[PDB]
Structure formats: structure tokens, C-alpha cells
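The C-alpha cells that follow cover one protein chain in two forms, given apart as structure 1 and structure 2.
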Structure 1
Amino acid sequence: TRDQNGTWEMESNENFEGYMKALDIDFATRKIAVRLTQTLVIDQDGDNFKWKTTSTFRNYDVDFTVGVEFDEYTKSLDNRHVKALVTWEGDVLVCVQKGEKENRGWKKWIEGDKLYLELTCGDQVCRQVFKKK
């Protein structure tokens, strides 16, 4: 069949590394790229193709219980070992990440259909907002 319509989920990817090196794609970005899974969404009508690609990366699972300190290795970020404590302040879930970096942590809470997350390291603050699907 010539019909390639649909949603296609990558299951295998062999020698992506050598193909990328042959294209002179720099080392640091090859290192990340070979970790990705791709999903392809093909819209085919006759000899007209349109298709969208999305590269995805599954980060680490983190599970914990509020009030019980745990060890965390922040792979896929800076890869340091921190001692994380998670508590409630009212509605606000607060985590202190004891380790080399001072003032390292985050705060998480709901307002409406929005989830707010502020991540802090040193003097630096990163603010993220998510919508509920």
C-alpha cells in the first residue's frame, strides 16, 4: 500500500548517531538527540503530503511522601545528589533541596485550572504555568 496516513510512534532507531555525525551535527546535541522518541503524524491526500514531527523525552519518575525526606539525583538536569524535603504550606507544596546549591527548591500550587511552579536556585527564579488537560 501507498497509503501512509496516520499517527506513527517510533519503536526503533538504529545508527541515528552515525547519520547525524555524517551531517556534522555537533557532539553535545547528538548526545541529547539519540535519547529522543519521535511521533509522526501524516496527512496524505493523493500525491500531497503534510506531516508533523514531535520529539519527546521521558524524564525521571519522582515519587515521595510529604514530610519524609528523600535522596534525589537530579539526572537530566544537573545530576547532583540532593536531600529533598516536601511539606505543605497551606495549599502550597514546598520542597527544599539540601545540597551544594544554596536556596535550591521549588513551590507548587493550584489557582483555577492552572498549576503554578516556581523553581529557585541561588538568586534565580524560574516560573512555569501548566493548564489542565
Structure 2
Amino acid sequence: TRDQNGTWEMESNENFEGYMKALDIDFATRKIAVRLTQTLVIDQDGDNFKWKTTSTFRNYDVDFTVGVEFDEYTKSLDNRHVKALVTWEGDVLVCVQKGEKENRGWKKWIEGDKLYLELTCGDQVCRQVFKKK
């Protein structure tokens, strides 16, 4: 069939490094690229094609209910099992991840027009700020 419509997810990718050197891509960029997965969405109207390719490194979704404990496996992150519980502290959403790591969790809150996020592990805190699209 010539119908190539659809969202496609890459399943196999060989000699991608050799092809990348043929285009003179620098070695640091080639290191990133070989670990990336690729999604390719084709929108086809006969001989008229439009397709988009996105290259991602690590996807990670989660779905929970506030105030209900849930088991969480952090695959593609650190690959640990934790017993997670998320509660509101006023306007701050607070998550504790009980497991091997001490002080493991995050805090997420709206301030003005922006989302702030603080990830914590042990004595390390990562602070992140997002703007809404």
C-alpha cells in the first residue's frame, strides 16, 4: 500500500552513526542521537504528504490520585520501586517517595504565571521553572 498515514514509533535503527558522519555531524551530537527514539507522524492526502519527526530521549508519565498511596517503578529513570504519596500543603503539591533514597520526592506549585518544581534526593535539590504554552 501507498497509504503511509499514521503515528509511527521507531523499532530498529542500524548504521545510524555511519550515516551521521557522512553528513559531518559532530561526535558529541552523534552521542546524543544514537540513544534517542524517534516518532514519525505522516499525514497523507494522495500524493500530498506532510510528516513530522520528533526525537526523544526519555518519556515518563504518571497517573495517581492525591492522597492515595501508589506503587511507582521509575523505569528509564533510576529503575527503582518506591511507595509514593502525593498531598496538598496549601497550594504546594507535595510528593514523598518512600524507598532506598532518603528525602526523595518533589514539590510543585503555581506562582504567578509559572510552574515551579523542586526535585529532591538526599541532600540534592533540583529547582525547575516552567512557563505555560
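Residues that one form lacks are left out of the comparison. For numbering, take structure 1's sequence and count from 1. If you superpose the two forms and keep the largest set of C-alpha atoms that fall within 1.5 Å, you have the rigid core.
After superposing the rigid core, the Cα of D123 is displaced by less than 2 Å between the two structures. After superposing the rigid core, the Cα of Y73 is displaced by less than 2 Å between the two structures. Domain motion between the two structures: the smaller of two rigid parts turns 55° against the larger, based on C-alpha superpositions. Core-based alignment between the two structures gives a C-alpha movement of 4.4 Å at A33. Relative to the superposed core, just one shifted segment between the two structures, defined as three or more consecutive residues with every Cα moved by 2 Å or more, spans 1-58.
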